[PDB]
Every structure is written in C-alpha cells, then in structure tokens.
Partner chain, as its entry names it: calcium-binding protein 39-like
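What follows is one chain in structure tokens, specifically the form deposited without the partner chain.
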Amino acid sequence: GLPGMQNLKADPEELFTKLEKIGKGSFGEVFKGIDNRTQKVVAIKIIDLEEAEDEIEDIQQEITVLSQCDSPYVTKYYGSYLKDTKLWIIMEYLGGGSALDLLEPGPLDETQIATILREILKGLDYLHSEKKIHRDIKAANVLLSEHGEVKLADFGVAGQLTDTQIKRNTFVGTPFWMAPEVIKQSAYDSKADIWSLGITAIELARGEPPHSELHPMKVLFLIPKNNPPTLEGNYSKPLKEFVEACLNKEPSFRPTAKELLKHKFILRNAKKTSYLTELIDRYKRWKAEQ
C-alpha cells in the first residue's frame, strides 16, 4: 500500500506538463513540471519499476516517510501516479537552487552559513521529534525556495524509529557525510544526522566536505579510523566550535538539533531567511554568464 497513490485512470501526462530534467534522486530522475489544474510548478521524480527489483521496498518507504511529514522545513509530497511501468512522485518545487549550487559563484559568508544551518536544524528538530532520521544530509539536499526558505529534500534513505526499534543499523547515505557508527553498521539513531550536519557545515564553509579528493572506498576506512574532521582556515571560533560539537566520534557527545539551535554560532550570526535571496540572485546572474 503506497501512500498518496492516486487512481490509475488519472493520467499524470494529462494532469502535469513534464518539463526539463532538473536532476536525480534515489531510484530515478527529477523533472520540473507544471500542475495543469493550478498552474503551480512541481518537481516530479519518475521511476521505471520494470527497471527495478528489491528497490520497490525502498521506494515505498521514501513515499511513506514523505507522506508522514508536515513541516515548512521538509519538501511537501503531493501524491504518486502510475503510468504504465513508470511511477510519478509529485513533490514541492523549490526554485532557489540547492545550497551546493549557491556555493558555485564563490564562498558563503558566516551570516549565510549560520542562516542555512539554522533552517537545516529546524528541519532536523522536526524529523527527530517525529522519530525519523534523514540519513542523507548534505548541501545538495538542502533546497531553497525563490524567497529564501530552506527545506530538506531527498528522503531516499530516511529511516523510522519505533518504541520497539529504538535504533537502526542499515548502511545508507553518501560516503563523505556518513557518521562513523553508520559506516560500521553499529546501532544508531538521530545523532547520525548531527554528524552529517557537521560535515555539511564544513561543506558550506569550504565548498566541499573533508576527503572530497579521495575515492569513496578510502573514506570507508578513514572515517572510523581518523580523529573527526575539523574546520581549517580563517573561520570564526564559534563556527569551528559548532563543527567540533557535531563531529564527535561518540554520538551521545553530539548535541541534539534543538540544542544546536541555541549554539552561539547560530545566535550570533543567523539572520532572516529573506536575506538569502541575495545568494539566489548571485547564482542566477553567475549562471547567466557561464
């Protein structure tokens, strides 16, 4: 039973005008689309189910997790449609670019980094309160609306905790951002997302996560072996400390998302999300001169 799945008589090729490919998600490509009834722009992920086996279970879970989320900090889910062998997953469209794209014209300043991290933390606090774990936190999965609103996307590997299953052990995520306990498949919880947040903070400050120049297989031994990464360069002490707070090998030593919302780096530097339009405009202009 796939949540939000619509009637098979509903033809998504009739209900939506599929436009250009905007990227990829887990299991399929993502396209920009227009909802023909409201004229609102949507993001559509298309999965060829015939081109899949033992992935439908992971596909169902992504949809279930998305459907149970109701937050200004998480991409909205508008239902699923089956067209022959292809599943159309309709999601909220965010036109501002990902935090990673916004890094292309040049570095971010600490106000921008703090603002983005604060909104990610709002999303993480929501998910964690709902006993959900995102598991793929990185700048490419942090999307902005054209107004500067920041939301979490890519629920392809998200997990659910229950009163019976208080911890997860599955190997999921993107190597460079994965927590040591996830890579070693130890019992883990929401603290794994706090480690990925620390890596994301380095990425927002430097433009790339640690070990970015290495093969992802090398990081599978390096992350559990090495001391946790630190933020190197001329960055503020509160920013380096924020990074260090997230990047502790001991998960119980990592603060919760709610606690990090009161970190001095956030409180001293974060500003209204509306200021992020300057970053969106900077990217639009840059793109136009490439």
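Heads up, when I say rigid core I mean the largest set of C-alphas that superpose within 1.5 Å between the two forms. Residue numbers count along the first chain shown, from 1. Shifts are known only where both forms have a C-alpha.
Another form exists, solved in complex with the partner chain; not displayed. Remarks below refer to it.
Residues with any non-hydrogen atom within 4.5 angstroms of the partner chain in the deposited complex fall in just one of 136-144, 171-179, 184-192, 74-82: 74-82. Looking at the partner chain in the deposited complex, residues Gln60, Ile63 and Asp70 each place a heavy atom within 4.5 Å of it. Taking the partner from the other structure, the partner chain in the deposited complex has a heavy atom within 4.5 Å of a heavy atom of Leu87.
Within 4.5 Å of some heavy atom of the partner chain in the deposited complex lies at least one heavy atom of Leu49. In the deposited complex, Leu222 stays away from the partner chain, with no heavy atom inside 4.5 Å.
In the deposited complex, at least one heavy atom of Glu53 sits within 4.5 Å of a heavy atom of the partner chain.
Just one residue from the list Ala140, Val157, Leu103, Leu82 crosses the 2 Å line for C-alpha shift between the shown form and the other one on a rigid core fit, and it is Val157. Comparing the forms between the shown form and the other one on their rigid core, the Cα displacement of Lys24 reaches 2 Å or more. Positional change of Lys237 between the shown form and the other one stays under 2 Å at the C-alpha, relative to the superposed core.
Annotation: Cα of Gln68 displaced by less than 2 Å between the shown form and the other one, core superposition. In the deposited complex, the Cα-Cα separation between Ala158 and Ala140 grows by 3 Å or more relative to the displayed conformation. Distance between the C-alpha atoms of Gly28 and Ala192: longer by at least 3 Å in the deposited complex than in the displayed form.
Listed in sequence order, 12-57, 155-164, 171-174 mark where three or more consecutive residues have CA shifts of 2 Å or more between the shown form and the other one on superposition of the core.
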